[PDB]
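A single chain, nothing else alongside it, follows as structure tokens in the form deposited in one PDB entry.
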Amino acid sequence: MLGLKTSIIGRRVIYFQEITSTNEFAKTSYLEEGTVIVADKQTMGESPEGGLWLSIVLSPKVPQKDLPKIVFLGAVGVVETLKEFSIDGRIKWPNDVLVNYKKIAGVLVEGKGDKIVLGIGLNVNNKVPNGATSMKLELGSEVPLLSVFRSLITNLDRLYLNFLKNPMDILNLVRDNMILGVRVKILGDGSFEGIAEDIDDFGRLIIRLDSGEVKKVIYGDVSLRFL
């Protein structure tokens, strides 16, 4: 009934009225590649009704080092879908999507054995905390979740197929949609402060500290705050 016209992502979709977290379920249960887990609400994500909470199971046959690029696949997918709804989203390394500097979506990737779980949380019609925003607030009208879901899954499927053929291509795409060349404060890792200049082949953030040292920050235990 969902009418998805995708190759891999979305061949199977499993919906729950409520669950601890879509990522949790995806990591602890066997699901065929491309399976999408979606829920009206997440108990231990407290992701409210109205938002789009999902996880996608992937097992790309690409080098072990190219795996970290999956978070970017999710972020770009969100940016593209937002564009279709006339919203301009920008990526804040390594996994957030901002609209006029307010967070509208976040990506969480986790590995479990030979499978990767791509989690995406997008504020659509749900209430959001101060500082954040939603498609509803940005458009001044509620937007049908199914519409956003179909758009996002279709964009992600296309990006994933291209990624499987040429893993390196996503890098330039994420760069053109990422906020770079600005001062940032790293949360986690070494808590560095400096100029976020670029991302490398692995997806690490290349930052120049005020001391002049240039460091590469890895994804995982990190978040950024623009200064």
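Superpose the two forms; the largest set of C-alphas matching within 1.5 Å is the rigid core. Numbers for residues come from their place in the sequence shown, where the first is 1. Only residues modelled in both forms are compared.
Counting only residues of the deposited sequence, how many between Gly34 and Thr35 have no atoms in the entry (none, 1 to 3, 4 to 9, 10 or more)? Missing residues, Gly34 to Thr35: none.
As stated in the PDB record, which stretch has the larger average Cα B-factor, 178-186 or 161-169? On average, C-alpha B-factors are higher across 161-169.
Selected stretch [higher average CA B-factor]: 142-150 or 110-118: For C-alpha atoms only, the mean B-factor is higher in 110-118.
Report the option among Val57, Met44, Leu54, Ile199 whose CA atom has the maximum B-factor in the deposited record. Among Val57, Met44, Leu54, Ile199, the PDB entry lists the largest C-alpha B-factor for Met44.
Which listed residue, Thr81, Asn95, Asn100, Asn126, has the largest C-alpha temperature factor in the record? Of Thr81, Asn95, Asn100, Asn126, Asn100 has the highest C-alpha B-factor.
Third of the chain's Cα B-factor distribution that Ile104 belongs to, per the entry: It belongs to the lowest third of the chain when residues are ordered by C-alpha B-factor.
Where the record places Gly77 (Cα B-factor, split into thirds across the chain): Its C-alpha B-factor, which the entry lists for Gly77, ranks in the lowest third among residues of this chain.
If you rank the chain by CA B-factor, which third does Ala132 end up in: lowest, middle or highest? CA B-factor rank for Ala132: highest third.
Ranked by Cα temperature factor within the chain, is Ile8 in the lowest third, the middle third or the highest third? Its C-alpha B-factor belongs to the middle third of this chain's values.
Cα B factor band for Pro48 (lowest, middle or highest third within the chain): It belongs to the middle third of the chain when residues are ordered by C-alpha B-factor.
One more form of this protein should be noted, the form deposited in another entry, which is absent from this view; the next part is about it.
Core aligned, which of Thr28, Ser191, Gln64, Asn166 has the Cα that shifts 2 angstroms or more between the shown form and the other one? Result of the superposition: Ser191 is the only one at 2 Å or more.
Which residue stretches between the shown form and the other one come out as moving, taking only runs of at least three where every Cα shifts by 2 Å or more after core superposition? Shifted segments: 187-192, 210-212.
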